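A.B. asks: One structure is given below, represented as structure tokens, and several questions about it will come after.
Neighbour counts run over all protein chains shown; Cβ positions are idealised from the backbone, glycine included. What follows draws every value from the coordinates through simple rules; no lab data is involved.
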Amino acid sequence: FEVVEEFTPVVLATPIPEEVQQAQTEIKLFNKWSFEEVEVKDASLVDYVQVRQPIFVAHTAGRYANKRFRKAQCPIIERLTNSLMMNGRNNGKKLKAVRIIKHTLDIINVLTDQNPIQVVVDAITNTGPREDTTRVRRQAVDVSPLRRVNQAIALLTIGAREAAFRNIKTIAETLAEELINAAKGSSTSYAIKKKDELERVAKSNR
Amino acid sequence: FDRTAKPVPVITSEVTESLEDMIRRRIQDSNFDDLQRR
Amino acid sequence: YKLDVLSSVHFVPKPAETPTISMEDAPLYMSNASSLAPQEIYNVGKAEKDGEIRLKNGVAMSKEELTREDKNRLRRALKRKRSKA
Amino acid sequence: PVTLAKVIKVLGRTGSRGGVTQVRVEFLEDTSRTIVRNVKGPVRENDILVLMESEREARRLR
Amino acid sequence: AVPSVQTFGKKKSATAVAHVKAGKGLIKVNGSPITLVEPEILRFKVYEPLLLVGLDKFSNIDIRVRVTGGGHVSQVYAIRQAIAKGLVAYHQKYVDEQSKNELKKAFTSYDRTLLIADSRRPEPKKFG
Amino acid sequence: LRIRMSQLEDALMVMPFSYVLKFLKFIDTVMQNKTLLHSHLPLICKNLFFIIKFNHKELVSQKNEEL
Amino acid sequence: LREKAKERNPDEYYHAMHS
Amino acid sequence: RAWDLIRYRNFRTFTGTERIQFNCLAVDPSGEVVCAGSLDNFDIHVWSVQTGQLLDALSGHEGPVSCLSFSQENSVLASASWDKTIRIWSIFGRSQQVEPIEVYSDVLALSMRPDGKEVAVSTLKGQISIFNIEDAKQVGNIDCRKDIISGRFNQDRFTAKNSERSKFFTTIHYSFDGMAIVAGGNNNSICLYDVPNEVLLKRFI
Amino acid sequence: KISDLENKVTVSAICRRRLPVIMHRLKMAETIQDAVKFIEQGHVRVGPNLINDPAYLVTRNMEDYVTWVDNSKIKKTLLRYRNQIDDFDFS
Amino acid sequence: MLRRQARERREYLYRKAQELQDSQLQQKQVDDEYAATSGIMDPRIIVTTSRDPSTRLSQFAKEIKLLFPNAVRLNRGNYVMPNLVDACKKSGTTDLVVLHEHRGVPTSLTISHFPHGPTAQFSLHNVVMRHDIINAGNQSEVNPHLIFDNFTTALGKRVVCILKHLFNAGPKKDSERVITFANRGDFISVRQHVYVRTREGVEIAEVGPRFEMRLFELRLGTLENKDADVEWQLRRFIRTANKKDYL
RNA sequence: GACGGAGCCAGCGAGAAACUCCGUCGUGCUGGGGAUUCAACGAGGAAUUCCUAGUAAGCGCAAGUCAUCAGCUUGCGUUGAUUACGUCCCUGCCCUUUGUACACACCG
């Protein structure tokens, strides 16, 4: 059994590329990643790393700073791109973050055949520290999931930034390797090192 | 040569003592030109 | 009615011995006494006897049994009440 | 091993230190057992939280 | 005369006028095809309505957009608003309103900004 | 009694469950003291009820027959 | 002229306008 | 005016400084705060039930406040106007905030979900639009213009079908179960809709 | 004041509040006779309500919100000449 | 909404014309703008600055905020004057305060009264900020006492009436904080002090700041309205300017 | 990021840039820096100031309309974020300690 909704081949006076109608089949990031198979491995980060609403390009102009928690509804990829632009000289330019993240996803795919967006989700989940300390000396207590994801993005971006600040490596590749290493859980990623140190310090002052 | 506008005053010491003497006097007499509920 | 009807979007109706039946009531089974709060019926006031202090808490105080220290604070207590009043 | 606990009530007027919120959480593995914990980040009702230690009881941190 | 509708999209100072008529599926922006709009990275953005509702409905119409004012980003959003608005208006005027309701439902389900202006009127957050 | 009513509910709200069980033991101790309870019965009742409402789902979990 | 532009009634309607 | 239905007495009365005309009213679930709206002042007056004093005035509407409602659970206030917008007010709490949502046409009626998670509004265009309060995005839209029946008046010199006198619902309310809306207006019809999937259940003359 | 109220009130003042008189001041219609035709034909709405009776007097607070009806063919002309017909708003 | 504003302005211009005629006949109380809200509703004040303000100008605005009990400081990042004033009137503010500067030196002070004016513009001289004072400490924010000295002409009363309403009404009798505005040749020296009632007199202490303000424009309308008719303006090229006095 | 091409989008006001595409270069005080040919400068101590949305920040354009301003003042548009939006724990500043408050409830 089948259902047909179109009985005539569709041809437009303005030509449209084939990849565009292939996208009309399914919404995909940069027309080149699908969000369908994405799942958050850790239950805690669920409902704060938002990937259910598929988007073509990061740019959304979504108004996420009204409420205390509209940031959760923002797609995670926009959160990464918007965190990427920093250090004053890069302020005002998200579209540059969009190109950088596109190249980063390409690099992730090239190095690792897995869907890069899954790698980003894995890295964010891995690099969200679960408890840390507060100055009283210090006393150890645990972390809200929103604040976890916020540090995850921040530390990943900061490690990528500092790594290539005065290095032959470009921003795209340093971000890519940081994401890969965080997803693997390897200590090589700077953000995972900071997570481990923070949780260790909390354990000491537990 | 002529000057068109006023000279902006200089807040010298003998000016300051004169103003604060005025301020103390009103507080001494409790004369305050202040709004009140109506 | 006149200025209403000229400025009203909708229809506005025109406003309209022997013992008389009360057409409308403010319920019949309800009692007037039950419609009054206990405070309305009676509320504690000032001392009827000059040698007593009764507060709104419902406690009366004979001056004779009051100790000197208690009398002092009560006098100061009144003064604060009077001061802002 | 790490436990998961769902926030069930945010505690008020606890005298906690600035940036610190006292919370009560119900363990996912057993909806019965509840614990009071101290948190930093913006927290709300219906949130789940990962705990290394399920034995410590929160105390006012001034 | 030829059945047609006119509509607008606003974003900041950017304003796009979209004129929709019966036709054979011709999209032009400022006298150039939609495929040539810039910046290329945001091109998919203006493809977004064309793509969500299906290119089939567009096959029966010829549609022209003129954009002026604002910057490139604001111009892109003006174009996308204008095209969504014009499709809905044309469908209502000359096609069943059931399809109009379907178009509105799909667009608003994805992103309401396609259909309503997203205007950041300033608000004093500090009371007083 | 010394605790102010405005803060009683919250103080009773901060109460840990294992500590709450001990508060029930205290109410038991008040109960054998008939005169003391009668002196301050109402205040005891409100605190107990709020606590039971406060941890109703925890109390049912407890299966101690002595409890 | 500037004042006329400010307090212009958007609802004002005229007949020669039909042309 | 506040009325006790046990003892049948007006125990309190509230009024503005300038004798502002009130057209809509709403009461807090706690029964401690009241908010009323006016067709001439554009600002929502707030009184304290216990004290009877004006706590403050909630300003921000560029149009008259058409209707008001408190969430029975969340205690959030939703206000609608002829301003073509809806504003969600978080009056309770240390900090004060307003969340405006724009709508296509002038709003006439508003109903609050008993859960307090959704709000419906009736517009002059004849549409029932439902929005998610916590996120402030639309979730459903219902047409009403065709469903409404309006009879040509004897004084009308224009046909009923061409008439535009009343194809909007001036009053709406939910079903307590939360799956239905009953809508009414200056017309000869009551329409009952089924909210999740946006269809007409039945219509009454 | 009251002494003013004795003489300030005039028939002309009441006629001034006539809706047919008013929009003429608002310039919706060239002439009062054009106005009474439009209201009878049903193009003019006061607030959310349609008025078809010329003798209606608009009170001051409603004075601001007297306007044409959205689907009026007249309004469609209004936006057409200035070239801002937006068919989504159906006006 | 625009129609309502247009109508209200015409009523307002008519009211001042009628008020002006009444005063002139009297020549042969509180002003109409403030008469409605005088002593009933406390003032609601916003203090802001020009675009890309210097750090000092931001500091000065904070000082002005502390001067006025009901003042709130707002950053003027990319705000447009219509957008500013419209956003202001919606919140219900009574007055708007805007500052300008020159190389981190405050230069002008303009006050605009809502919903419909008047607007007064002042020029600042000899500005001395409190941040220039070391180990000064924090202010007291009680409702202060007000001192108005040497305001005689009708314009002087108008300047008094504008300025007086920016503060809350009914300061408590023994409030230790006093604000004084002393007119000296159209140059209003603005001072504020904290006093202690001694057994043999009064001792006052400056907390700062110091600045001299001169009115040079007073206009019947909001600051946005560069079309509004002018109530009064300062003539500088008149031959008598070097010796003419107005306040 | 620097350089060479190509592509282009504003609003103020009447005595464009940033930006996007394709190329070169390449961690070397180098194809950065542009003072007087090729300098200082490789991210800035102790400390310290401010700041919550079209906001911080980048970008250019226009007029000098009686105070002030002359690469300074104001205005116009373009690009446009992170974090928090909860707390009285520290600091500081205030308010109350005759319900007075028209019922119920609560308090004493």
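A.B. asks: Which residues, taken from the stretch H:95-120, are more than 9 Å from chain E (Cβ to nearest Cβ) and of a type in the set (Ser, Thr, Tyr)? Lay out the reasoning, then the answer.
C.D. replies: Pass one, the stretch H:95-120, residues more than 9 Å from chain E (Cβ to nearest Cβ): H:99, H:101, H:105-120.
Selection gives H:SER105, H:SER111.
A.B. asks: Is one or more of the residues making up the stretch D:3-25 of a type in the set (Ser, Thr, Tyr) and away from RNA strand K (no atom under 13 Å from the Cβ)? Please lay out each step first, then the result.
C.D. replies: So in the stretch D:3-25, the residues of a type in the set (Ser, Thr, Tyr) come out as D:3, D:14, D:16, D:21.
The next check asks that each one be away from RNA strand K (no atom under 13 Å from the Cβ); those that pass are D:3.
There is at least one residue in the stretch D:3-25 that is of a type in the set (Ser, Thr, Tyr) and away from RNA strand K (no atom under 13 Å from the Cβ).
A.B. asks: Also: Looking only at the stretch A:35-52, count how many residues are exposed (fewer than 14 other Cβ atoms within 10 Å of the Cβ) and either under 25 Å from A:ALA23 (Cβ atoms) or within 14 Å of chain E (Cβ to nearest Cβ) (or both).
C.D. replies: Summing the residues that are exposed (fewer than 14 other Cβ atoms within 10 Å of the Cβ) and either under 25 Å from A:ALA23 (Cβ atoms) or within 14 Å of chain E (Cβ to nearest Cβ) (or both) in the stretch A:35-52 gives 4.
A.B. asks: Please find, among A:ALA58, A:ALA72, the residue that is assigned to a loop (DSSP other than H, G, I, E, B), under 26 Å from E:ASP118 (Cα atoms), touching a helix residue (DSSP H, G or I) at 6+ places or on another chain (Cβ under 7 Å) and of a type in the set (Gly, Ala, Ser). Working first, answer last.
C.D. replies: Values: A:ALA72 fails: assigned to a loop (DSSP other than H, G, I, E, B).
Matching residue, one of A:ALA58, A:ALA72: A:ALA58.
A.B. asks: Follow-up question, since we're still on this one. Working only within the stretch A:18-34, note down all residues that are in a loop (DSSP other than H, G, I, E, B) and more than 7 Å from chain E (Cβ to nearest Cβ). Write out each step before concluding.
C.D. replies: Here is the first cut: in the stretch A:18-34, the ones in a loop (DSSP other than H, G, I, E, B) are A:26-27, A:30-32.
Result: A:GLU26, A:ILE27, A:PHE30, A:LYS32.
A.B. asks: Among the residues of the stretch J:48-71, is any surrounded by 12 or more Cβ atoms within 10 Å (Cβ to Cβ), closer than 22 Å to J:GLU231 by Cβ and not charged (D, E, K, R)?
C.D. replies: Residues of the stretch J:48-71 that are surrounded by 12 or more Cβ atoms within 10 Å (Cβ to Cβ), as a first pass: J:48-50, J:53-54, J:56-71.
Then drop every residue that is not closer than 22 Å to J:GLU231 by Cβ, which leaves none.
Looking through the stretch J:48-71, none of the residues is surrounded by 12 or more Cβ atoms within 10 Å (Cβ to Cβ), closer than 22 Å to J:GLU231 by Cβ and not charged (D, E, K, R).
A.B. asks: Determine whether the stretch E:76-90 contains at least one residue that is within 30 Å of A:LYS93 (Cβ to Cβ), within 8 Å of another protein chain (Cβ to nearest Cβ) and of a type outside the set (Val, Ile, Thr). Break it down stepwise before answering.
C.D. replies: Filtering the stretch E:76-90 down to residues within 30 Å of A:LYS93 (Cβ to Cβ) leaves E:76-85.
Of the ones still in play, those that are also within 8 Å of another protein chain (Cβ to nearest Cβ) are E:77, E:85.
Applying the additional criterion that residues be of a type outside the set (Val, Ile, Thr) yields E:77, E:85.
Yes; the residues of the stretch E:76-90 include at least one that is within 30 Å of A:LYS93 (Cβ to Cβ), within 8 Å of another protein chain (Cβ to nearest Cβ) and of a type outside the set (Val, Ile, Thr).
A.B. asks: Still on this model: Please tell me if E:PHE8 is outside any helix (DSSP H, G or I), within 16 Å of RNA strand K (Cβ to nearest atom) and of a type in the set (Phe, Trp, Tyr). Lay out the reasoning, then the answer.
C.D. replies: Values: outside any helix (DSSP H, G or I): yes; within 16 Å of RNA strand K (Cβ to nearest atom): yes; of a type in the set (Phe, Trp, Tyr): yes.
Taking the combined requirement at face value, the residue satisfies it.
A.B. asks: Report those helices (runs of 4 or more DSSP H) wholly inside the stretch A:85-197 carrying at least 2 residues which are near RNA strand K (Cβ under 10 Å from one of its atoms) and touching a helix residue (DSSP H, G or I) at 6+ places or on another chain (Cβ under 6 Å).
C.D. replies: On the way: elements: A:94-111, A:116-126, A:145-163, A:171-184.
In the stretch A:85-197, A:94-111, A:145-163 are the helices (runs of 4 or more DSSP H) which contain 2 or more residues that are near RNA strand K (Cβ under 10 Å from one of its atoms) and touching a helix residue (DSSP H, G or I) at 6+ places or on another chain (Cβ under 6 Å).
A.B. asks: Might you check whether a residue that is away from RNA strand K (no atom under 16 Å from the Cβ), hydrophobic (A, V, I, L, M, F, W, C), within 14 Å of chain B (Cβ to nearest Cβ) and not in a helix (DSSP H, G or I) occurs anywhere in the stretch J:13-34? Step through it out loud before you land on a result.
C.D. replies: We begin by selecting, within the stretch J:13-34, every residue away from RNA strand K (no atom under 16 Å from the Cβ); these are J:13-34.
Cutting the leftovers down to hydrophobic (A, V, I, L, M, F, W, C) gives us J:13, J:17, J:20, J:25, J:30.
Those still in the list that are within 14 Å of chain B (Cβ to nearest Cβ) too: J:30.
Right, trim to not in a helix (DSSP H, G or I) and you get J:30.
Yes: one or more hits.
A.B. asks: Now, a different point. What tally of residues in the stretch J:175-193 results from selecting those that are more than 8 Å from every other protein chain (Cβ to nearest Cβ) and assigned to a strand (DSSP E or B)?
C.D. replies: The total comes to 7.
A.B. asks: Right, here's the next one. Taking the stretch E:47-67, which residues are in a helix (DSSP H, G or I) and more than 10 Å from every other protein chain (Cβ to nearest Cβ)?
C.D. replies: Keep residues of the stretch E:47-67 that are in a helix (DSSP H, G or I), which gives E:47-52, E:55-58.
The answer is E:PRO49, and nothing else.
A.B. asks: Inspect all residues belonging to the stretch F:31-48 and state whether any of them is under 22 Å from D:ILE8 (Cα atoms) and in a helix (DSSP H, G or I). Working first, answer last.
C.D. replies: Taking the stretch F:31-48 first, the residues under 22 Å from D:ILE8 (Cα atoms) are F:47-48.
Next, from what is left, pick out any that are in a helix (DSSP H, G or I): F:47-48.
Looking for residues that are under 22 Å from D:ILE8 (Cα atoms) and in a helix (DSSP H, G or I), one finds at least one in the stretch F:31-48, hence yes.
A.B. asks: Out of A:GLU2, A:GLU78, A:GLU36, A:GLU6, report the one residue that is of a type outside the set (A, V, I, L, M) and under 14 Å from the mean Cα position of the chain (by Cα). It would help to see each step written out before you state the result.
C.D. replies: On the way: A:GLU2 fails: under 14 Å from the mean Cα position of the chain (by Cα); A:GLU36 fails: under 14 Å from the mean Cα position of the chain (by Cα); A:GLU6 fails: under 14 Å from the mean Cα position of the chain (by Cα).
Just a single option satisfies the conditions, and that option is A:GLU78.
A.B. asks: A further question on this structure: Considering only chain B, state which residues are closer than 23 Å to J:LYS172 by Cβ, acidic (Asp, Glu) and more than 8 Å from every other protein chain (Cβ to nearest Cβ).
C.D. replies: Correct list: B:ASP29 only.
A.B. asks: A further question on this structure: May I ask you to list the residues in the stretch D:8-22 that are within 9 Å of the chain's Cα centre (by Cα) and within 9 Å of chain A (Cβ to nearest Cβ)?
C.D. replies: Within the stretch D:8-22, D:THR21 is the sole residue that qualifies.
Listed here are the residues, each with its yes/no results for (1) more than 9 Å from chain B (Cβ to nearest Cβ); (2) within 12 Å of RNA strand K (Cβ to nearest atom); (3) of a type in the set (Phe, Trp, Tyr).
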{"site": "J:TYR195", "(1), (2), (3)": "no, no, yes"}
{"site": "J:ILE204", "(1), (2), (3)": "no, no, no"}
{"site": "J:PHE211", "(1), (2), (3)": "yes, no, yes"}
{"site": "J:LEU223", "(1), (2), (3)": "yes, yes, no"}
{"site": "J:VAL230", "(1), (2), (3)": "yes, yes, no"}
{"site": "J:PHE237", "(1), (2), (3)": "no, yes, yes"}
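A.B. asks: Also, I was wondering about something else. Which one is nearest to the chain's Cα centre (by Cα), of the residues in the stretch H:51-100 that are within 16 Å of RNA strand K (Cβ to nearest atom) and among the charged types (D, E, K, R)?
C.D. replies: H:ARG87
A.B. asks: Would you mind finding the one in E:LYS125, E:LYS93 that is of a type outside the set (S, T, N, Q), part of a helix (DSSP H, G or I) and either within 13 Å of chain I (Cβ to nearest Cβ) or more than 21 Å from A:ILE16 (Cβ to Cβ) (or both)?
C.D. replies: Working: E:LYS125 fails: part of a helix (DSSP H, G or I).
After applying the criteria, what remains is E:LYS93.
A.B. asks: Just name the residue that is farthest from the other protein chains (Cβ to nearest Cβ) out of those in the stretch J:159-174 that are basic (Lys, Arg) and over 11 Å from the mean Cα position of the chain (by Cα).
C.D. replies: J:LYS172
A.B. asks: Okay, next question. Listed residues H:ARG152, H:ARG165; which is part of a loop (DSSP other than H, G, I, E, B) and surrounded by 15 or more Cβ atoms within 10 Å (Cβ to Cβ)?
C.D. replies: On the way: H:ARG152 fails: surrounded by 15 or more Cβ atoms within 10 Å (Cβ to Cβ).
On inspection, the qualifying residue turns out to be H:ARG165.
A.B. asks: Quickly run through the stretch H:2-29 and pick out the residues that are in a loop (DSSP other than H, G, I, E, B), within 14 Å of chain C (Cβ to nearest Cβ) and within 14 Å of RNA strand K (Cβ to nearest atom). Lay out the reasoning, then the answer.
C.D. replies: Step one: list which residues in the stretch H:2-29 are in a loop (DSSP other than H, G, I, E, B), which gives H:5-8, H:13-23, H:28-29.
Imposing the further condition that a residue be within 14 Å of chain C (Cβ to nearest Cβ) reduces the set to H:5-8, H:21, H:23.
Of everything in the stretch H:2-29, those that are in a loop (DSSP other than H, G, I, E, B), within 14 Å of chain C (Cβ to nearest Cβ) and within 14 Å of RNA strand K (Cβ to nearest atom) turn out to be H:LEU5, H:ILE6, H:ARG7, H:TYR8.
A.B. asks: When you scan the stretch E:18-41, do you find a residue that is among the hydrophobic types (A, V, I, L, M, F, W, C), part of a helix (DSSP H, G or I), under 30 Å from H:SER129 (Cα atoms) and more than 12 Å from RNA strand K (Cβ to nearest atom), even just one?
C.D. replies: Step one: filter the stretch E:18-41 for residues among the hydrophobic types (A, V, I, L, M, F, W, C), giving E:18, E:20, E:22, E:26-27, E:29, E:34, E:36-37, E:41.
Those left that are additionally part of a helix (DSSP H, G or I): E:34, E:36, E:41.
Pick out the ones that are also under 30 Å from H:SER129 (Cα atoms) and you get none.
Within the stretch E:18-41, none of the residues are among the hydrophobic types (A, V, I, L, M, F, W, C), part of a helix (DSSP H, G or I), under 30 Å from H:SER129 (Cα atoms) and more than 12 Å from RNA strand K (Cβ to nearest atom).
A.B. asks: Same structure again: With the structure loaded, tell me whether A:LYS71 is of a type in the set (D, E, K, R), farther than 30 Å from D:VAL43 by Cα, surrounded by 11 or more Cβ atoms within 10 Å (Cβ to Cβ) and within 16 Å of RNA strand K (Cβ to nearest atom) or whether it fails that test.
C.D. replies: Working: of a type in the set (D, E, K, R): yes; farther than 30 Å from D:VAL43 by Cα: no; surrounded by 11 or more Cβ atoms within 10 Å (Cβ to Cβ): yes; within 16 Å of RNA strand K (Cβ to nearest atom): yes.
In short, no.
A.B. asks: If I filter the stretch J:37-58 down to residues being within 9 Å of another protein chain (Cβ to nearest Cβ) and among the small types (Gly, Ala, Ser), which single residue comes out as nearest to RNA strand K (Cβ to nearest atom)?
C.D. replies: Selected residue: J:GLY39.
A.B. asks: Something else now. Determine whether E:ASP62 is farther than 16 Å from I:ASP87 by Cα, away from RNA strand K (no atom under 16 Å from the Cβ) and buried (at least 19 other Cβ atoms within 10 Å of the Cβ). Steps first, please.
C.D. replies: Numbers: farther than 16 Å from I:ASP87 by Cα: yes; away from RNA strand K (no atom under 16 Å from the Cβ): yes; buried (at least 19 other Cβ atoms within 10 Å of the Cβ): yes.
In short, yes.
A.B. asks: Name every residue in the stretch D:29-57 that is hydrophobic (A, V, I, L, M, F, W, C) and within 8 Å of chain A (Cβ to nearest Cβ), in order of residue number.
C.D. replies: Initially, the stretch D:29-57 is screened for residues hydrophobic (A, V, I, L, M, F, W, C), giving D:35-36, D:39, D:43, D:48-52.
Once the filter is applied, which keeps residues that are hydrophobic (A, V, I, L, M, F, W, C) and within 8 Å of chain A (Cβ to nearest Cβ), the stretch D:29-57 yields D:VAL39, D:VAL43, D:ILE48, D:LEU49, D:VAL50, D:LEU51, D:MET52.
A.B. asks: When you go through C:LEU66, C:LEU55, C:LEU74 one by one, which is the residue that is away from RNA strand K (no atom under 16 Å from the Cβ) and over 30 Å from H:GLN155 (Cβ atoms)? Quick ask: steps written out before the conclusion?
C.D. replies: Working: C:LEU55 fails: away from RNA strand K (no atom under 16 Å from the Cβ); C:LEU74 fails: away from RNA strand K (no atom under 16 Å from the Cβ).
Being away from RNA strand K (no atom under 16 Å from the Cβ) and over 30 Å from H:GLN155 (Cβ atoms) holds for just one of C:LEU66, C:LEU55, C:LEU74, which is C:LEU66.
A.B. asks: Of all the residues that make up the stretch D:26-56, how many are surrounded by fewer than 14 Cβ atoms within 10 Å (Cβ to Cβ), within 16 Å of RNA strand K (Cβ to nearest atom) and over 24 Å from F:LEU8 (Cα atoms)?
C.D. replies: 1
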